[PDB]
Amino acid sequence: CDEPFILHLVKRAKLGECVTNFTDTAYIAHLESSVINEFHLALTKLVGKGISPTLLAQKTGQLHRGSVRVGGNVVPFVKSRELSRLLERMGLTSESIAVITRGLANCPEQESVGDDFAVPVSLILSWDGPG
Amino acid sequence: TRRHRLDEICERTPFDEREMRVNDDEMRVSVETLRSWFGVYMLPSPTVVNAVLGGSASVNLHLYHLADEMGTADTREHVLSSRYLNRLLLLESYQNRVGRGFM
Amino acid sequence: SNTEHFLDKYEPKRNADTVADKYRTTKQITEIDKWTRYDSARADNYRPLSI
Amino acid sequence: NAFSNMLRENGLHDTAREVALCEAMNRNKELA
Amino acid sequence: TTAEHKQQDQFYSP
Amino acid sequence: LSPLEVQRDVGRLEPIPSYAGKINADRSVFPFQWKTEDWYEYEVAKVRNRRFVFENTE
Amino acid sequence: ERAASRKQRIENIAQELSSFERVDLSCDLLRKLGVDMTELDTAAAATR
Amino acid sequence: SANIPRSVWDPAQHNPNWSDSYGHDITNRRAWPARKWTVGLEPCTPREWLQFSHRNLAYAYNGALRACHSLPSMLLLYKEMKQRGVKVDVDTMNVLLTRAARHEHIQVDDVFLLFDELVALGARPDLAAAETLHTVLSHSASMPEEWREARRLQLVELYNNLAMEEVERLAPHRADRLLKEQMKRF
């Protein structure tokens, strides 16, 4: 419960509780990091899936403002339905998936798109989850 | 002159994904994923290249795709070209992105 | 999985997968070979200048 | 069956399937 | 019967 | 069907090999059939000539 | 209402076979059954 | 020239593709694990190669398939045998399609997709397979009409190809009664 929320739950799902069958510290550490990179990548394959480029252009234009420094960065939005669906493939519980949806819709970085809400991938990696 | 011709010929040739191979441990990633993560200006579609080379403005660094003559999002990866990347080196935003901000 | 196959839907949930095989089969590169005495003594694939 | 048969052999299975679907679709409201 | 049986077992043998 | 185009696996359907009915039959080509005189002459010539080789050639 | 998905499927197949990748294969496949239109061949044999 | 050639001692002439002595010979004596897959062993010795085939691997995998009582556990094995190229059978098709049609929650759509894909890999459809497909086409009233007619068209095609193929099989043997029965069933 020390970590980012969703990463914690994904490790719990993919490594199971049997990750500590292994007594090797370094091995478990590598298991964790590889599971996380898998997740991160899938998450990337999901950026801008259900969103139109016009909507994205709009919201990114608003979030960059007048700063030249950030002008080249792209805000990687993921639709919430797609997020939940991914977390279902990965074997998270729907009890927890619902917590995740419900708690992300309370986040400042949320942006409502096409009568569904989406979020930055950075958030999905950094978010704690009680509020 | 030579480089110029080579540039024109690069821009009109499709990139060949068969040739692409993965070095140890690397992840296989499609062009689409790369584009939507790093922005389209980085792996430009011919419509985007054409725009950048034919135009003027800074405020446009093209993040998302562009419309095409058939009215669809142009997804094409042609081979990258010297002059296109120079035109990007002109924008402040891009300078910052690639770590040359000091310029 | 690159393209998701249509059979993926029915792919069994990972409940009670404690046996999970990718994690059982994966080795540290350190484990793959041993340094034997044949290696301590190995001759050179080039011709040496002076030994 | 003239279309889907060609597309299956030329490597395109999904489009072939949808097109066959579309031909049967036609034949339905043509006969009825 | 299994197509395997009729591929390999349908010959005269000891 | 020529014997190569026949499907002999009860459980599979295999692509018909590209040479199946195509290669035509000339006794000039095959099967190899030949005069004995010529065979003798050939064999002997081939032994006698082992050393007639110009190694160094342009 | 069930003739709207006819329309939609036909348009989806049409815009899928006309994608930049597949235009060539679609044109060759187009010649080989019912369709002869010299509207292409003439414009090309003009450039040859 | 020089008694010891520059190539030996001069770093300008260093050959970057040369590797050190120890590495190649360590890499060489490596024997990788022979059980790379479920169901089989990868041949190691020429003797072992004489026991081996993709077309026979079919047999072993078919057995391992008839073993699994649930479709989900079967799907995995099938994915394997698809991926490591294994010649696939009438029988792989029979044991798959049956346990896909009994499995309660299957979308009929995928049963047919699966059949199609098995055939793309060159499995020869036969009476059992076609008939199972037929039974699946009955139990689905819930699909769009054009789908049902598309698949009915394909099924009729299939039954006819079967009947022809089977006449050709039985005719040279002067089988008449048996042939007549098979036709009765078609």
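Scanning the range B:18-34 for residues that are without any contact (Cβ under 8 Å) to a residue 12 or more places away in the chain and within 16 Å of the chain's Cα centre (by Cα) yields B:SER30, B:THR33, B:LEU34. Among the residues of the range H:148-164, the ones that are within 21 Å of G:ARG2 (Cα to Cα) and touching a residue at least 12 places away in the same chain (Cβ under 8 Å) come to 2 in all.
Can you name the residue in the range H:130-146 that is within 14 Å of chain D (Cβ to nearest Cβ) and surrounded by 17 or more Cβ atoms within 10 Å (Cβ to Cβ) and, of all such residues, is farthest from H:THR98 (Cα to Cα)?
H:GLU146
Matching residues to (1) touching a helix residue (DSSP H, G or I) at 6+ places or on another chain (Cβ under 9 Å); (2) in a helix (DSSP H, G or I); (3) within 11 Å of another protein chain (Cβ to nearest Cβ):
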residue: G:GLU1; (1), (2), (3): no, no, no
residue: G:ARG6; (1), (2), (3): yes, yes, yes
residue: G:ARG9; (1), (2), (3): yes, yes, yes
residue: G:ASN12; (1), (2), (3): yes, yes, yes
residue: G:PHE20; (1), (2), (3): no, no, yes
residue: G:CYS27; (1), (2), (3): yes, yes, no
residue: G:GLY34; (1), (2), (3): no, no, yes
residue: G:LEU40; (1), (2), (3): yes, yes, no
residue: G:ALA46; (1), (2), (3): no, yes, no
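So is H:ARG6 loosely packed, with under 12 Cβ neighbours inside 10 Å, over 27 Å from H:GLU131 (Cβ atoms) and within 9 Å of another protein chain (Cβ to nearest Cβ) or not? So H:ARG6 does not fit the description; no. Residue check: B:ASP16 meets all listed conditions (1) assigned to a loop (DSSP other than H, G, I, E, B); (2) within 11 Å of chain A (Cβ to nearest Cβ) but one, namely (2).
Can you tell me which residue is nearest to the other protein chains (Cβ to nearest Cβ) among those in the range C:25-39 that are outside any loop (DSSP other than H, G, I, E, B) and within 11 Å of the chain's Cα centre (by Cα)?
C:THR25
Among the residues of the range F:1-47 satisfying the criterion of being of a type in the set (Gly, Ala, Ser) and without any contact (Cβ under 8 Å) to a residue 12 or more places away in the chain, which is farthest from H:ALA129 (Cα to Cα)? Restricting to residues being of a type in the set (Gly, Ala, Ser) and without any contact (Cβ under 8 Å) to a residue 12 or more places away in the chain, the top hit is F:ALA45. In the range B:35-86, the qualifying residues are those that are of a type in the set (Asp, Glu), surrounded by 14 or more Cβ atoms within 10 Å (Cβ to Cβ) and free of Cβ contacts under 8 Å to residues at least 60 places away in the same chain, and the one that is farthest from B:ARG97 (Cα to Cα) is B:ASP68.
Of all residues in the range C:30-51, count the ones that are among the hydroxyl-bearing types (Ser, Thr, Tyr) and closer than 25 Å to H:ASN15 by Cβ.
2
Among the residues making up the range B:74-90, those that are over 9 Å from the mean Cα position of the chain (by Cα), more than 14 Å from chain G (Cβ to nearest Cβ) and either under 18 Å from B:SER36 (Cβ atoms) or in a helix (DSSP H, G or I) (or both) are B:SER82, B:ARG83, B:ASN86, B:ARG87, B:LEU88, B:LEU89. Counting only residues that are charged (D, E, K, R), surrounded by 10 or more Cβ atoms within 10 Å (Cβ to Cβ) and part of a loop (DSSP other than H, G, I, E, B), the range F:1-36 holds 3 of them.
Inspect the range A:95-102 for any residue being more than 14 Å from chain B (Cβ to nearest Cβ), under 30 Å from C:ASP17 (Cβ atoms) and touching a residue at least 60 places away in the same chain (Cβ under 8 Å) and give the result as yes or no. There is at least one residue in the range A:95-102 that is more than 14 Å from chain B (Cβ to nearest Cβ), under 30 Å from C:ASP17 (Cβ atoms) and touching a residue at least 60 places away in the same chain (Cβ under 8 Å). In summary, helices (runs of 4 or more DSSP H) completely within the range H:25-128 and bearing 2 or more residues that are more than 29 Å from C:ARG24 (Cα to Cα) and among the hydrophobic types (A, V, I, L, M, F, W, C) occur at H:90-102, H:108-120. In the range A:79-93, is there at least one residue being within 14 Å of chain B (Cβ to nearest Cβ) and without any contact (Cβ under 8 Å) to a residue 24 or more places away in the chain? No, the conditions are met nowhere in the range A:79-93. Screening A:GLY103 with (1) farther than 23 Å from A:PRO4 by Cβ; (2) surrounded by 15 or more Cβ atoms within 10 Å (Cβ to Cβ) gives one miss only, at (1). For the range H:70-101, a residue qualifies if it is free of Cβ contacts under 8 Å to residues at least 12 places away in the same chain and either within 17 Å of H:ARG124 (Cβ to Cβ) or out of contact with any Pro (no Cβ under 9 Å at 6 or more places or on another chain) (or both), and the qualifying residues are H:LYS79, H:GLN83.
Filtering H:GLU131, H:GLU145 for residues that are among the acidic types (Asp, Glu) and under 22 Å from E:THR2 (Cα atoms) leaves a single hit, H:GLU131. Taken as a whole, the structure leaves F:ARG12 outside the set of residues that are more than 14 Å from every other protein chain (Cβ to nearest Cβ) and of a type in the set (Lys, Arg). Comparison of C:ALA16, C:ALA20, C:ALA43 shows that the only residue that is free of Cβ contacts under 8 Å to residues at least 60 places away in the same chain, exposed (fewer than 10 other Cβ atoms within 10 Å of the Cβ) and under 30 Å from A:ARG85 (Cβ atoms) is C:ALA16. The C-beta contact set for the range A:27-39 (first residue touching a residue at least 24 places away in the same chain (Cβ under 8 Å), second residue buried (at least 16 other Cβ atoms within 10 Å of the Cβ) and in a helix (DSSP H, G or I), distance under 7 angstrom, 6+ apart or interchain) comprises A:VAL35/A:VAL10; A:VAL35/A:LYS11; A:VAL35/A:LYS14; A:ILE36/A:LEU7; A:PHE39/A:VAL10. When the residues of the range D:11-32 are filtered to those that are within 18 Å of G:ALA3 (Cβ to Cβ) and of a type in the set (S, T, N, Q), the one that is farthest from the other protein chains (Cβ to nearest Cβ) is D:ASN26.
Since every read-out is calculated from the coordinates, none of them should be taken as a lab result. Quick reminder, even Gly has a Cβ in these numbers, built from the backbone with ideal geometry, and neighbours come from all protein chains shown.
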